[PDB]
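In the form deposited in one PDB entry, a lone chain appears below as structure tokens.
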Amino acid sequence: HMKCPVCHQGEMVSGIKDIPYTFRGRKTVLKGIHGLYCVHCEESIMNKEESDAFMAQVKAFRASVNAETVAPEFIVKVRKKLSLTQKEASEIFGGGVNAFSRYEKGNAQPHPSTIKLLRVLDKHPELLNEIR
């Protein structure tokens, strides 16, 4: 019989909720999400099992959204092809040292100019010596 730690006006009751989620303009509903939900407000409390499941769904969704505009495999492929490590790739293309790990895991979207420059150099790798 726990009370909502937020509004203090509803009880937390175990059930399920479809959770809308938006990333980079793409909308989805994460459905049947188990948790404790406040009768009164939006406060929700998930256990570890529920949090983990939920976050995995969110991570999965974002990766599929990013994969609409660039395949993580294409990025890794062009990088290893230019014989760059991720840190070397980030120095040239920008984004900070973690940049390419984030693109290649599918968690962050590269700049449109990063993608397009990767496409130019995929067909014309020798051009890297011009701008390195």
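Residue indices: 1-based, along the sequence shown.
Keep in mind that the form deposited in another entry is missing from the display, and what follows is about it.
- Among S90, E68, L36, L82, the residue lying at the hinge where one rigid part turns against the other between this form and the one not shown is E68.
- In the other form, the CA atoms of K105 and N47 move farther apart by at least 3 angstroms compared with the shown structure.
- With a change of no less than 3 Å, the CA-CA distance between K59 and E104 is larger in the other form than in the form shown.
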